[PDB]
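Q: sharing an experimental structure here, sequence included.
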Amino acid sequence: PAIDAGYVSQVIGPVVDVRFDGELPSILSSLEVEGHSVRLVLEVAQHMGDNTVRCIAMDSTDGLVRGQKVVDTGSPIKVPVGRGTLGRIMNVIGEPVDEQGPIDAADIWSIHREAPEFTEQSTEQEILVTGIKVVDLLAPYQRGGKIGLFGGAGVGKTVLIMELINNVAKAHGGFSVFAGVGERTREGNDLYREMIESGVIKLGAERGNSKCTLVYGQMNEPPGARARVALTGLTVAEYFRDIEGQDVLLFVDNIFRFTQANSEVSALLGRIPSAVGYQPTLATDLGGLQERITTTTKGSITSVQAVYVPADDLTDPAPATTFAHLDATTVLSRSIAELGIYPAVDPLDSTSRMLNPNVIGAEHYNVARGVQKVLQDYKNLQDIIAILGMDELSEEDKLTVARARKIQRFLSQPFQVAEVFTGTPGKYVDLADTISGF
Amino acid sequence: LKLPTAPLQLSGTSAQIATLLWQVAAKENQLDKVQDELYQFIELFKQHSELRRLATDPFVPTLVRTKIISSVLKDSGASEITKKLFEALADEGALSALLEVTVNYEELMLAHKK
Amino acid sequence: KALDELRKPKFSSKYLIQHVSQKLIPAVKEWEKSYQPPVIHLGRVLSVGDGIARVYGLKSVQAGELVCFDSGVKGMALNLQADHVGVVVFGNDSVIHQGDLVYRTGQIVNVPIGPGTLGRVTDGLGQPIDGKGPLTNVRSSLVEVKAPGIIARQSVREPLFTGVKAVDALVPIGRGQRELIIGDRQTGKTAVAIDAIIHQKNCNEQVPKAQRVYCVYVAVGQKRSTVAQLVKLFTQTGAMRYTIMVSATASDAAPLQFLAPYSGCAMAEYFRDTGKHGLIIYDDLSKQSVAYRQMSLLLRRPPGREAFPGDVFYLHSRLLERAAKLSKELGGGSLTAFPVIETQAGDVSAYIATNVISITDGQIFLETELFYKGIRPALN
Amino acid sequence: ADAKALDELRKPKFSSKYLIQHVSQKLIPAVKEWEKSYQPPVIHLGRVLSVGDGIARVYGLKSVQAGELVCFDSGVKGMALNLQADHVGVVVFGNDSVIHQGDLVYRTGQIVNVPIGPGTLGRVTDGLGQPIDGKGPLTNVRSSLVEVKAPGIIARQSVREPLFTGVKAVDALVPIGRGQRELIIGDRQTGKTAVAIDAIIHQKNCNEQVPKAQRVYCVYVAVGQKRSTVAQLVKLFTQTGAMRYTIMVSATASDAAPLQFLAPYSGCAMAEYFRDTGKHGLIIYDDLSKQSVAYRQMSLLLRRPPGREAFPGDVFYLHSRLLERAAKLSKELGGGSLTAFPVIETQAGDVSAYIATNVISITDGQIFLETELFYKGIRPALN
Ligand SMILES: Nc1ncnc2c1ncn2[C@@H]1O[C@H](COP(=O)(O)OP(=O)(O)OP(=O)(O)O)[C@@H](O)[C@H]1O
Ligand SMILES: Nc1ncnc2c1ncn2[C@@H]1O[C@H](COP(=O)(O)OP(=O)(O)OP(=O)(O)O)[C@@H](O)[C@H]1O
Ligand SMILES: Nc1ncnc2c1ncn2[C@@H]1O[C@H](COP(=O)(O)OP(=O)(O)O)[C@@H](O)[C@H]1O
Ligand SMILES: [Mg+2]
Ligand SMILES: [Mg+2]
Ligand SMILES: [Mg+2]
């Protein structure tokens, strides 16, 4: 009875230290606290010495006393994975929060997996058309690649990821996994009602024909829950990729909140802070997360991750670290949105590995490079036009400004998910129409 | 709660422990009864490599250390102040503070004879 | 050579002398006569200074529990440590000494919620400051409640009329929404908020009781004079019948300015949970982040951007996710938040500004250029 | 409190013995009652005091050297970095979840070393020397230290031989030498990996045309990149044939911070074999600004005090002692050369960053890639 049972030594916010007198759990092993108002799952983060582990609580620690019995589960956080998770909402620790009964688990997987090895990498640069003009033209998305939507709090990376759900996941043949990390709970409820209404989530007996799993760790949760709910979404996606052999879609709203939750818990783990205030382990935590999302030889994951830049600073270390993990960045800008252009994609800051003449053809590539050349020549003239006016420009440059002001209105597009508050109906645009227009 | 005043003020965390030890030994008229006990425990750390293991090894648990110190001093002909001091220093692994508590106790004691 | 390993001691537990003195004074044969230090449900202050008291003992205290000092000032067990408790003082810390007795109350930090709070001016902890006696028809609930989940909510359907023409036409606001009122100093943010409260009074007499809106106005970091003038306004417009006012002014301690939005949010969550409709205004929620930054830097936590703590986003997301529209199996009530963020020179790309923009549903940008051109309300 | 009476206490002054003969015959029957709770003492082996975030504080390990490979009992390797008075700070070459408090740490006797030789020519390797391409272990190869001091003044000679890169903007305006360190610096997605890759492809095209001694063996160190990019680069180098002369050292983003810290030194030690055996080497440290970040994490978790942008104070020495190993040796040392192409990513064109200015002050040349020249059609975007 006394074996495998530690007691709480100290409670520092979401960081709990548990003293195991008999035998210590492993790092990343999950613990459970006895006698709490909710199910309080701790995850062991450090061994501090003196028979003490240092844990990170998955729920709130308010109400914890420093004598409370803590049971080692002997395992990391295990969540239900399988086709029985489809059409269900689950939290960070795999509990069904949709009030539809328990989740019929095909298996229970640890949420901490090693990244797939170098021999299990698939290098197939295939395009994924989204119907968005600026996305399909200037930075096309890979079919089995990682996609970033960089944004600055109000520029439209939730409307863009909802339009990508509307356009891509309906034409897709596999399963989608939406991981909500640190976003609004109203947005999760809106997505649940829209997915129930559109039929991709079915309730009751026809639940097996639902094609989407929601994993929600929203911004009302403590930083222990927002730090590991992306790992739960990855586990549900990795079961479909590895075991089921499917092609998976994985939409992660605000992958920044994983980094922010780790920086929140890192100040109480007793670390010296790195640059502007983040944890010292930003790059390795982000790498250990993002290298689990990989198109392997036995399955593909098309990952679209919204990334939030904190104060419209792209030089902030948490988006600057994220930039090196993605195949196609779609940097949304505040100034493009203030011009009224939606989607507010910066054309001279969004890049992709698919913009190469040998993979998308020379015509599409030459059109995208010509549009970028005209936009860069207009951005070079942004100071002369401001302080002198357009009447002092050369006759060849006024044509450049006119064609650039035409192509930067033409990059904008109405969305089917934005028609509820804008009134105009959405437009899906084929790729050949975009190249033929530009 | 009324404790006799120490003859001189001293430093922190290993001299105020000796100051408190002198303050509670002067209440029981028990200064020279615990001074030789401090010296005897210094000789005990000199003798056994298994009793100074409790002061230096950080892998013995605090339960095991407190149970060695408590079940070794079963009233031992000794003062209760010494026994309630060493199971208190064994509860933190602060047994290495004995060799400076003895220095500050020597300072208080030879300041006690002016 | 055998004593070279002990020539300098190295240990944890900085309060080692306390654990030696709790063993040595009962070794005296005189002071086993009920001379015990109470350490189960009581505790002695070790250190006190800059609004944080370190408290020995309290071995049965919970994390986040409201404790009470012997002076009468209350506190909150924030850091439960291995050898002490880090208590955050909910008042002036000048009345706390070393060796003061700290009693635990047995309860997580709570405020009185209910129909007895309507009409009453309150500080950030629940006790009234309008001089009208204690809160009578009321009961205590926690200030730190987890927000309702995904099933507990439904889509926002019903309109909350502000009574402002520029607001109700161009940025319409539904019941259960969170709408940021953002702008520079003296651009009319408080004017929009109190027009909303007065208009809820004007519409409350013409709807049935299941459609009335009961307002909470949290004033964080304001002057006490402007709070008193606003209480006179809500009394002379009849709006105090449906309005609670929580008031953590600029003279109050920064833990009270940190906790007053959560206190007011619990007082409005009563109306949300009992099927009625609530409207809460966090006036100068930037000042709450300033108070929390003060508490974090005095707790020696490593600061991030603009010296703010890392959990300053969590500070406002905890608060604003509790404003929701509940589902039909939870009473169907709603709570509408109006957080107010003040910007410097119209910089809305600041840290706390962009944090609350990425939390709330919409924004009310009040431009400082239109406010001096006579265009009032200066809605961008 | 001073040491003189503290040394006087070494002389016995007990004056009574009514506890000494009582507890000395009472100690050993008390200790034997708890001998299953005791762990065996440790002197020349090690034992983990505390483990977390990739750092193990190891009790014991009396005769370890600084910078020495250690091996935990769970098989994962380590590196004894700061040897403090009561513990050793060991960085973990891998995931530290298999390390517990009380795990035995074994000293291996070796300072950290990688396999160097002709057997690495064609393999995809991790930052420690193990092959990750799934083609079996390393054959025809020998172990060499990763902390070789750079050749001095009398060992070098003047840089004369060209080593063309095949990029005519580079070979026309910023001409490389065969023992020269040339920094490719720019923003993200401005074509730095493209310049280094085209240099490697041009060495493949020139190695089938020159007589056996001007042949250039490339070594690509991928620090902090993701594994899909490294696999795409291996596919490129195999489908063009450049993998016959190329070694790839790959410490990806999923690897530990000491692996990414140590992978440029592993790649430089693998490339120094060709420099020391009379051949000519080409080394590309892609994302040296990620090796600096891994070093920052590794040193911050060892509780060393931070500096500019929380970097260590010795982050200049980290890149200087790495890049100074790229030399052109004298005729009595073979005449072999090694030319470095470190890569630094800047933030919004800020050249005045800490690591950027350090590596500019270290290397010989500079190759600046502006993001406004890139979008004006000028590819490569040479400033
Ligand atoms: N619609 C309006 N018409 C005329 N005057 C107005 C209007 N709104 C506000 N004012 C006046 O302008 C001033 C704005 O004060 P208010 O408290 O509304 O701004 P504020 O943004 O809250 O400023 P602060 O944050 O500094 O208190 C007040 O003196 C008020 O009398
Ligand atoms: N000479 C060129 N002609 C045409 N396109 C090029 C050229 N050089 C680079 N590019 C394009 O620029 C993009 C970025 O290339 P590269 O990866 O070399 O830059 P990088 O700075 O290494 O990027 P990152 O910072 O993400 O590592 C690639 O998609 C590539 O197709
Ligand atoms: N494609 C679009 N069409 C019309 N309006 C848009 C579009 N994208 C964004 N917006 C506007 O910008 C705001 C962006 O909000 P959101 O999608 O939540 O972005 P973020 O998550 O970055 O804050 C919305 O309030 C919406 O009014
Ligand atoms: Mg969003
Ligand atoms: Mg105001
Ligand atoms: Mg690169």
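A: Happy to help now that I have it. Residues are numbered from 1 along each chain as shown, chains lettered A, B, ... in the order given. Ligands and ions are numbered 1, 2, ... in the order given.
Q: buried set for the helix or strand that contains residue A:163?
A: When elements are assigned from DSSP states H and E, residue A:163 belongs to helix A:157-171. Neighbour-count burial for helix A:157-171, counted by 16 or more other C-beta atoms under 10 Å in any protein chain shown, picks out A:157-169. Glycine gets a C-beta too; all of them are placed from N, C-alpha and C.
Q: mind picking the two most distant members of the residues you listed?
A: The span of these, defined through C-beta to C-beta, is set by A:157 and A:169 at 16.7 Å.
Q: quick one: the helices in the stretch 1-150 of chain A, in order.
A: Secondary structure of the stretch 1-150 of chain A (DSSP state H, counting those that start in this stretch): helices at A:133-138.
Q: up against chain C, what does it have?
A: Within the stretch 1-150 of chain A, the positions adjacent to chain C are A:9-13, A:17, A:50, A:60-67, A:89, A:97-99 by C-beta under 8 Å from any C-beta of the partner chain.
Q: restrict these to contacts with chain B.
A: Answer for the residues of the stretch 1-150 of chain A next to chain C near chain B (C-beta under 8 Å from any C-beta): residue A:50.
Q: in chain C, what residue comes closest to ligand 2?
A: residue C:305 (24.2 Å; C-beta to the nearest ligand atom).
Q: and for that residue, the neighbour number?
A: 19 (other C-beta atoms under 10 Å in any protein chain shown).
Q: isn't it right up against residue A:310?
A: Yes - in this structure, residue C:305 is within contact of residue A:310 by C-beta atoms under 8 Å, at 6.5 Å.
Q: anything in contact with each of the two?
A: Common neighbours of residue C:305 and residue A:310, using C-beta atoms under 8 Å, 6 or more residues apart in numbering or on different chains, are residue C:351.
Q: do a quick rundown of the strands in the stretch 151-300 of chain C.
A: Ranges of strands within the stretch 151-300 of chain C are C:179-183, C:213-220, C:243-248, C:277-283, based on DSSP state E, counting those that start in this stretch.
Q: next one: residue C:94 from ligand 3, what distance?
A: 44 Å (C-beta to the nearest ligand atom, to the nearest Å).
Q: same deal with residue B:36?
A: Counting by C-beta to the nearest ligand atom - residue B:36 and ligand 3 are separated by 75 Å.
Q: what about the residue lying closest to that residue once chain neighbours are set aside, distance to chain C?
A: Among residues not flanking residue B:36 along the chain, residue D:16 sits closest, at 4.9 Å (C-beta to C-beta, 6 or more residues apart in numbering or on different chains). Computed as C-beta to the nearest C-beta, to the nearest Å, the residue D:16 to chain C distance reads 20 Å.
Q: near chain C, which residues of chain B?
A: B:1, B:13-14, B:16-17, B:20-21, B:24, B:27-28, B:42, B:45-46, B:49, B:52, B:55-56, B:80-81, B:83-85, B:87-89, B:91-100.
Q: burial count for the closest residue to residue A:346 other than its chain neighbours?
A: Closest residue to residue A:346 apart from its sequence neighbours, by C-beta to C-beta, 6+ apart: residue A:333 at 4.2 Å. Residues contacting residue A:333 under the criterion other C-beta under 10 Å number 22.
Q: OK, contacts around residue A:333?
A: With contacts defined as C-beta under 8 Å, 6+ apart, residue A:333 is in contact with A:152, A:155, A:344-346, A:349.
Q: pull the CA atoms of stretch A:327-334 into PDB?
A: C-alpha atoms of stretch A:327-334 as PDB (Å, rounded to 0.1, in the frame of the first residue of the first chain):
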ATOM      1  CA  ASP A 327       7.300  23.700 -45.700                       C
ATOM      2  CA  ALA A 328       5.000  26.600 -46.500                       C
ATOM      3  CA  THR A 329       4.600  29.700 -44.400                       C
ATOM      4  CA  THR A 330       1.600  32.000 -45.000                       C
ATOM      5  CA  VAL A 331       2.500  35.200 -43.100                       C
ATOM      6  CA  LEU A 332      -0.600  37.300 -42.600                       C
ATOM      7  CA  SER A 333       0.100  41.000 -42.000                       C
ATOM      8  CA  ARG A 334      -1.700  43.700 -40.000                       C
END
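Q: does the helix holding residue A:163 reach chain C?
A: No - for helix A:157-171, no contact with chain C is found by C-beta under 8 Å from any C-beta; the gap never falls below 9.5 Å.
Q: my read: residue A:188 touches residue A:214, true?
A: Yes - counting by C-beta under 8 Å, residue A:214 is a contact partner of residue A:188 at 7.0 Å.
Q: for chain B, which residue gets nearest to ligand 3?
A: Closest point on chain B to ligand 3, by C-beta to the nearest ligand atom, is residue B:58, at 49.7 Å.
Q: what about that residue, how many neighbours?
A: Applying other C-beta under 10 Å, I find that residue B:58 has 14 neighbouring residues.
Q: which residues sit in contact with the nearest residue to residue A:117 once chain neighbours are set aside?
A: Of all residues not flanking residue A:117 in the chain, residue D:132 sits nearest, at 6.9 Å (C-beta to C-beta, 6+ apart). With contact set as C-beta under 8 Å, 6+ apart, residue D:132 has these partners: A:117-119, D:124-126, D:250.
Q: ok and the biggest helix by length in chain C relative to strand C:213-220, angle-wise?
A: Scanning chain C for the longest helix, with DSSP state H as the assignment, gives helix C:254-273. Relative orientation of helix C:254-273 versus strand C:213-220 (axes from the mean of the first three to the mean of the last three C-alpha atoms, to 10 degrees): 170 degrees.
Q: would you mind writing the CA trace of helix C:254-273 as CSV?
A: Below are the C-alpha coordinates for helix C:254-273, written out as CSV (Å, rounded to 0.1, in the frame of the first residue of the first chain):
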residue,chain,number,x,y,z
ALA,C,254,-1.9,45.4,-6.1
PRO,C,255,-3.2,41.9,-5.1
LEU,C,256,-6.6,43.6,-4.6
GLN,C,257,-6.4,45.1,-8.1
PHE,C,258,-5.3,41.7,-9.5
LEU,C,259,-8.2,39.9,-7.8
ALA,C,260,-11.1,42.5,-8.3
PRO,C,261,-11.9,41.3,-11.9
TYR,C,262,-12.2,37.7,-10.6
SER,C,263,-14.3,38.9,-7.7
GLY,C,264,-16.6,40.8,-10.0
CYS,C,265,-16.7,37.9,-12.4
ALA,C,266,-17.9,35.6,-9.7
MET,C,267,-20.5,38.1,-8.7
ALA,C,268,-21.7,38.2,-12.4
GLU,C,269,-21.3,34.4,-12.8
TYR,C,270,-24.0,34.1,-10.2
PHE,C,271,-26.4,35.7,-12.7
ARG,C,272,-24.9,33.7,-15.6
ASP,C,273,-25.4,30.4,-13.8
